[PDB]
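Student: See model_27.tsv below, with TSV, C-alpha atoms.
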```
chain	number	residue	atom	x	y	z
A	1	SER	CA	93.93	83.68	84.87
A	2	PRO	CA	96.12	85.20	87.53
A	3	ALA	CA	99.76	86.02	86.74
A	4	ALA	CA	102.21	83.36	87.99
A	5	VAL	CA	104.04	84.17	91.25
A	6	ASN	CA	107.72	85.00	90.68
A	7	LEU	CA	109.69	82.39	92.68
A	8	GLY	CA	112.96	83.90	91.42
A	9	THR	CA	115.98	81.63	92.15
A	10	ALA	CA	113.87	79.60	94.65
A	11	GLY	CA	112.46	78.11	91.41
A	12	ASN	CA	115.81	76.24	91.12
A	13	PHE	CA	114.92	74.02	94.14
A	14	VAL	CA	112.34	71.30	94.73
A	15	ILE	CA	113.05	71.64	98.52
A	16	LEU	CA	114.29	74.87	100.06
A	17	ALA	CA	114.26	75.35	103.85
A	18	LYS	CA	115.68	77.69	106.46
A	19	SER	CA	115.86	75.38	109.53
A	20	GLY	CA	116.23	71.86	108.10
A	21	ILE	CA	115.44	69.10	105.60
A	22	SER	CA	115.05	65.60	107.16
A	23	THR	CA	114.26	62.19	105.59
A	24	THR	CA	113.59	58.64	106.75
A	25	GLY	CA	112.38	55.63	104.84
A	26	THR	CA	112.26	55.00	101.09
A	27	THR	CA	112.43	58.62	99.89
A	28	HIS	CA	113.08	59.62	96.25
A	29	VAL	CA	113.70	63.32	95.35
A	30	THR	CA	114.12	64.66	91.78
A	31	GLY	CA	115.52	68.23	91.66
A	32	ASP	CA	117.88	70.29	93.82
A	33	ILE	CA	117.54	70.78	97.57
A	34	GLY	CA	119.13	73.21	99.95
A	35	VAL	CA	119.17	74.95	103.32
A	36	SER	CA	120.19	78.45	104.39
A	37	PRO	CA	121.23	80.04	106.65
A	38	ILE	CA	121.80	76.78	108.56
A	39	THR	CA	124.65	74.42	107.73
A	40	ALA	CA	124.32	71.01	106.04
A	41	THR	CA	124.10	69.35	109.55
A	42	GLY	CA	120.45	70.45	109.24
A	43	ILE	CA	120.04	68.14	106.20
A	44	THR	CA	119.55	64.71	107.81
A	45	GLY	CA	119.04	61.21	106.43
A	46	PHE	CA	120.59	61.84	102.98
A	47	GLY	CA	124.12	60.38	103.31
A	48	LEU	CA	125.72	63.43	101.71
A	49	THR	CA	129.02	63.37	99.77
A	50	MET	CA	130.71	66.61	98.79
A	51	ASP	CA	131.78	67.34	95.25
A	52	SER	CA	135.56	68.01	95.12
A	53	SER	CA	134.70	71.77	94.62
A	54	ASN	CA	132.73	71.60	97.95
A	55	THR	CA	130.08	73.82	96.20
A	56	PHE	CA	127.47	71.05	96.48
A	57	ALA	CA	126.90	67.49	97.66
A	58	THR	CA	125.11	64.46	96.31
A	59	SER	CA	122.81	61.87	97.87
A	60	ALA	CA	121.68	58.47	96.57
A	61	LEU	CA	118.13	59.71	97.41
A	62	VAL	CA	118.37	62.89	95.23
A	63	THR	CA	118.48	63.04	91.41
A	64	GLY	CA	120.08	66.51	91.49
A	65	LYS	CA	122.33	68.44	93.82
A	66	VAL	CA	122.34	69.38	97.53
A	67	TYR	CA	123.37	72.86	98.72
A	68	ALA	CA	123.90	74.48	102.14
A	69	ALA	CA	125.01	77.83	103.62
A	70	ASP	CA	128.46	76.48	104.72
A	71	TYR	CA	129.56	75.26	101.23
A	72	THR	CA	132.21	76.92	98.99
A	73	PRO	CA	131.48	80.21	97.16
A	74	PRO	CA	129.37	80.98	95.33
A	75	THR	CA	126.98	78.58	97.12
A	76	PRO	CA	126.51	80.64	100.30
A	77	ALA	CA	125.60	83.79	98.33
A	78	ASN	CA	123.38	81.76	95.88
A	79	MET	CA	121.57	80.14	98.82
A	80	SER	CA	121.04	83.52	100.59
A	81	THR	CA	119.56	84.86	97.31
A	82	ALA	CA	117.28	81.76	96.87
A	83	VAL	CA	115.97	82.16	100.45
A	84	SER	CA	115.40	85.93	99.91
A	85	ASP	CA	113.54	85.11	96.63
A	86	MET	CA	111.38	82.56	98.50
A	87	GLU	CA	110.53	85.16	101.18
A	88	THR	CA	109.76	87.74	98.45
A	89	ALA	CA	107.52	85.18	96.62
A	90	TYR	CA	105.67	84.26	99.87
A	91	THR	CA	104.86	87.92	100.56
A	92	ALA	CA	103.88	88.58	96.89
A	93	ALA	CA	101.58	85.51	96.71
A	94	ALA	CA	99.90	86.56	99.97
A	95	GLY	CA	99.52	90.10	98.53
A	96	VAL	CA	97.93	89.28	95.11
A	97	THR	CA	94.61	91.24	94.73
A	98	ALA	CA	93.87	90.69	90.98
A	99	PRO	CA	91.98	88.87	89.72
A	100	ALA	CA	89.64	89.51	92.66
A	101	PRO	CA	89.46	86.47	94.94
A	102	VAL	CA	86.91	83.82	95.91
A	103	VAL	CA	86.98	84.20	99.68
A	104	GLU	CA	86.22	81.63	102.48
A	105	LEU	CA	85.06	78.98	99.97
A	106	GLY	CA	83.73	75.88	101.82
A	107	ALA	CA	84.81	77.45	105.12
A	108	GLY	CA	88.24	76.05	104.18
A	109	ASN	CA	87.05	72.56	103.14
A	110	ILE	CA	87.72	72.23	99.38
A	111	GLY	CA	87.12	68.47	99.31
A	112	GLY	CA	85.16	67.30	96.30
A	113	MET	CA	85.41	70.68	94.56
A	114	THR	CA	86.55	71.58	91.01
A	115	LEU	CA	88.30	74.97	90.99
A	116	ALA	CA	88.84	77.07	87.90
A	117	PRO	CA	92.04	79.18	87.67
A	118	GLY	CA	91.89	82.13	90.01
A	119	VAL	CA	92.85	83.60	93.41
A	120	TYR	CA	91.31	81.88	96.47
A	121	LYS	CA	91.68	83.38	99.95
A	122	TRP	CA	90.88	82.04	103.46
A	123	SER	CA	91.05	83.47	106.98
A	124	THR	CA	90.75	79.81	108.15
A	125	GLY	CA	93.01	76.92	107.47
A	126	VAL	CA	92.29	74.74	104.40
A	127	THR	CA	91.52	71.01	104.56
A	128	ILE	CA	91.31	68.54	101.66
A	129	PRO	CA	89.59	65.42	103.02
A	130	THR	CA	88.40	64.24	99.59
A	131	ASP	CA	90.02	64.92	96.23
A	132	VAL	CA	89.99	68.49	94.88
A	133	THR	CA	90.41	69.07	91.13
A	134	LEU	CA	92.16	72.07	89.58
A	135	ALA	CA	90.78	72.30	86.03
A	136	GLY	CA	92.38	74.62	83.44
A	137	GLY	CA	94.91	74.99	80.67
A	138	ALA	CA	98.70	74.56	80.31
A	139	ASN	CA	99.49	78.17	81.42
A	140	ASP	CA	96.54	78.77	83.79
A	141	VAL	CA	97.46	79.85	87.33
A	142	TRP	CA	95.96	79.16	90.75
A	143	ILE	CA	96.96	81.20	93.85
A	144	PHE	CA	95.73	79.97	97.24
A	145	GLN	CA	96.11	82.42	100.15
A	146	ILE	CA	95.76	80.57	103.48
A	147	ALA	CA	96.03	82.43	106.79
A	148	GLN	CA	96.32	79.19	108.84
A	149	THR	CA	97.29	75.55	108.07
A	150	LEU	CA	96.95	73.43	104.95
A	151	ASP	CA	96.13	69.71	105.31
A	152	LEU	CA	95.82	67.05	102.62
A	153	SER	CA	94.23	63.92	104.19
A	154	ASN	CA	95.71	60.41	103.96
A	155	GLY	CA	95.30	58.91	100.48
A	156	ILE	CA	93.84	62.14	99.04
A	157	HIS	CA	94.91	63.86	95.84
A	158	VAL	CA	95.06	67.37	94.43
A	159	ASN	CA	94.06	66.39	90.87
A	160	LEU	CA	95.01	68.37	87.78
A	161	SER	CA	92.73	68.36	84.71
A	162	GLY	CA	92.52	70.05	81.32
A	163	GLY	CA	96.28	70.75	80.93
A	164	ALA	CA	96.78	72.37	84.38
A	165	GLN	CA	100.48	72.15	85.45
A	166	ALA	CA	101.84	71.86	88.99
A	167	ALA	CA	104.41	74.56	88.15
A	168	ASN	CA	101.59	77.17	87.79
A	169	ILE	CA	99.92	76.44	91.18
A	170	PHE	CA	100.94	78.45	94.26
A	171	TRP	CA	99.91	77.65	97.85
A	172	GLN	CA	100.80	80.49	100.25
A	173	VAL	CA	100.41	79.03	103.79
A	174	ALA	CA	101.09	80.94	107.03
A	175	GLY	CA	100.86	77.78	109.21
A	176	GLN	CA	102.17	74.26	108.65
A	177	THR	CA	101.33	72.31	105.52
A	178	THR	CA	100.87	68.60	106.27
A	179	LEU	CA	100.54	66.01	103.51
A	180	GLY	CA	98.95	62.77	104.71
A	181	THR	CA	100.23	59.27	104.22
A	182	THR	CA	100.01	58.04	100.57
A	183	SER	CA	98.64	61.52	99.56
A	184	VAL	CA	99.47	63.26	96.25
A	185	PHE	CA	99.90	67.02	96.16
A	186	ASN	CA	100.42	69.30	93.13
A	187	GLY	CA	101.91	72.79	93.25
A	188	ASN	CA	104.44	75.09	94.88
A	189	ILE	CA	104.12	75.41	98.68
A	190	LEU	CA	105.33	78.75	99.98
A	191	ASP	CA	105.20	78.09	103.73
A	192	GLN	CA	105.86	80.59	106.48
A	193	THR	CA	106.61	77.55	108.70
A	194	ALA	CA	107.04	73.82	108.03
A	195	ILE	CA	106.12	71.42	105.30
A	196	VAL	CA	105.57	67.86	106.54
A	197	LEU	CA	105.19	64.80	104.28
A	198	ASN	CA	103.92	61.71	106.11
A	199	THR	CA	104.72	58.14	105.01
A	200	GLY	CA	104.44	57.65	101.28
A	201	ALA	CA	103.27	61.19	100.39
A	202	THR	CA	104.01	62.48	96.87
A	203	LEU	CA	104.67	66.16	96.06
A	204	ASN	CA	104.75	67.26	92.44
A	205	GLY	CA	105.95	70.83	92.80
A	206	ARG	CA	108.30	72.59	95.24
A	207	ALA	CA	108.44	72.67	99.05
A	208	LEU	CA	109.63	76.23	99.92
A	209	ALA	CA	109.61	76.52	103.72
A	210	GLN	CA	110.77	79.31	106.03
A	211	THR	CA	111.23	76.66	108.75
A	212	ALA	CA	111.75	72.97	108.03
A	213	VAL	CA	110.78	70.29	105.52
A	214	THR	CA	110.33	66.68	106.79
A	215	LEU	CA	110.00	63.64	104.49
A	216	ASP	CA	108.92	60.13	105.38
A	217	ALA	CA	109.30	57.60	102.53
A	218	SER	CA	108.21	60.46	100.27
A	219	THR	CA	108.52	61.28	96.56
A	220	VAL	CA	109.29	64.90	95.70
A	221	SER	CA	109.73	66.09	92.12
A	222	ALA	CA	109.07	69.17	89.98
A	223	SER	CA	109.31	67.12	86.67
```
Show the structure stored in the file as structure tokens.
Tutor:
Amino acid sequence: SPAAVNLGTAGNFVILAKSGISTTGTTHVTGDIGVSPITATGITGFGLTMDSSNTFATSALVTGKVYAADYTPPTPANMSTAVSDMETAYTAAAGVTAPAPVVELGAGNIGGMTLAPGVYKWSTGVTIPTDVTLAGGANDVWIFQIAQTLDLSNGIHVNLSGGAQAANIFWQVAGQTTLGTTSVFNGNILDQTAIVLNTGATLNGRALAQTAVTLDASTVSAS
């Protein structure tokens, strides 16, 4: 098994973004969310209410807390550190060289495959047009290194089997990750750009984007 990627304090968020978090429709998030260095005007659709400390906000849509760069200390500093830790984790995940990888598997199409724990690397994008299964134990790790986009097709699932846990799966994606309508994704998405959830998509994991995260009637949870 690979060693788990260190998310640092970005591991305290189920959605972390640099340029925005937007929602429409019947969304349900469990966990904390935040943006930095942008202000909370970049968090749209959530009907935010500040705590009296102004260190966080709450939303009916979020079982947890909402943070932004323009909140009261120590939130700005904490958010800058979470974003730095995300950027550090992205670069580390992209840089893992042991165990030695499986490279260009399926020419990027992992549909129908069962993948053991390991490091998987592509020069292409990755597409999941039929279910993929990640099969392994409670503490087994997967690290996916994707030089282009990641796409989960409508209605498709990233299945976990054998004790595999979403928390121990890491998707490093240089292009956009797009989760199709009514899809179900497992793992942490370290995106250089955007993470997009189309209508009804479910993410079990974390959406850690260096641009934006968009939700459409989506469920996001790390628990």
Student: Leaving out residue A:35 and any residue of its chain fewer than 2 positions from it, which residues lie within 10 Å of it when counting all atoms listed in the file, given as an MDAnalysis selection string?
Tutor: chainID A and resid 15:21 33 37:43 66:70 76 79:80 82:83 209:213
Student: Separation of atom CA of residue A:110 and atom CA of residue A:215, in Å?
Tutor: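 Value for the atom CA of residue A:110-atom CA of residue A:215 distance: 24.4 Å.
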Student: Identify the residues within 6 Å of coordinate (97.7, 67.8, 104.2) (same frame as the file), considering only C-alpha atoms, and give the answer as a list in words.
Tutor: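 Within the cut-off we find residues 150, 151, 152, 153, 177, 178, 179 and 180 of chain A.
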Student: I'd like the contact shell of residue A:53 - 12 Å cut-off, all atoms listed in the file, skipping same-chain residues fewer than 5 positions apart - returned as an MDAnalysis selection string.
Tutor: chainID A and resid 71:75
Student: Using the selection just defined, write its residues with C-alpha atoms as a CSV table (one decimal), keeping the file's coordinate frame.
Tutor:
```csv
chain,number,residue,atom,x,y,z
A,71,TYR,CA,129.6,75.3,101.2
A,72,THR,CA,132.2,76.9,99.0
A,73,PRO,CA,131.5,80.2,97.2
A,74,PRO,CA,129.4,81.0,95.3
A,75,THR,CA,127.0,78.6,97.1
```
Student: Could you list, as JSON, numbers by chain, every residue within 12 Å of residue A:95, counting only C-alpha atoms and ignoring same-chain residues fewer than 3 positions away?
Tutor: {"A": [5, 88, 89, 90, 91, 92, 98, 99, 100, 101, 119, 120, 121, 143, 144, 145, 146, 147, 172]}
Student: I'd like to know which of A:1, A:160, A:123, A:149 is closest to residue A:196, using all atoms listed in the file.
Tutor: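 Of A:1, A:160, A:123, A:149, the one nearest residue A:196 is A:149, counting all atoms listed in the file.
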Student: Tell me which of A:57, A:164, A:220, A:107 sits closest to residue A:183, counting all atoms listed in the file.
Tutor: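 Closest to residue A:183, using all atoms listed in the file: A:220.
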Student: How many Å separate atom CA of residue A:46 from atom CA of residue A:199?
Tutor: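 Distance between the two atoms: 16.4 Å.
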Student: Using all atoms listed in the file, collect all residues at a distance of at most 9 Å from (106.4, 73.6, 92.6) as written in the file, then present them as a list in words.
Tutor: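 Residues with an atom close enough to that point: residues 11, 13, 14, 166, 167, 168, 169, 170, 186, 187, 188, 189, 203, 204, 205, 206, 207, 208, 221 and 222 of chain A.
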Student: Nearest to residue A:28 among A:128, A:201, A:86, A:103, with distances taken over all atoms listed in the file: which residue is it?
Tutor: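 The answer is A:201, which sits nearest to residue A:28.
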Student: Show me, as a list in words, the residues that have an atom within 9 Å of residue A:132 when counting all atoms listed in the file, minus same-chain residues fewer than 4 positions from it.
Tutor: residues 110, 111, 112, 113, 114, 115, 128, 156, 157, 158, 159 and 160 of chain A
Student: Rank A:184, A:197, A:138, A:29 by their smallest atom-to-atom distance to residue A:61, using only C-alpha atoms, and report the top residue only.
Tutor: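 With only C-alpha atoms as the atom set, the closest residue is A:29.
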Student: Find the distance between atom CA of residue A:139 and atom CA of residue A:126 and write it in Å to one decimal.
Tutor: 24.3 Å
Student: From the list A:97, A:133, A:78, A:181, which residue is nearest residue A:8 when using all atoms listed in the file?
Tutor: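 That would be A:78, the residue with the smallest distance to residue A:8.
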Student: Looking at A:127, A:84, A:12, A:154, which one is nearest to residue A:198, with distances taken over only C-alpha atoms?
Tutor: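 Checking each candidate against residue A:198, we get A:154 as the closest.
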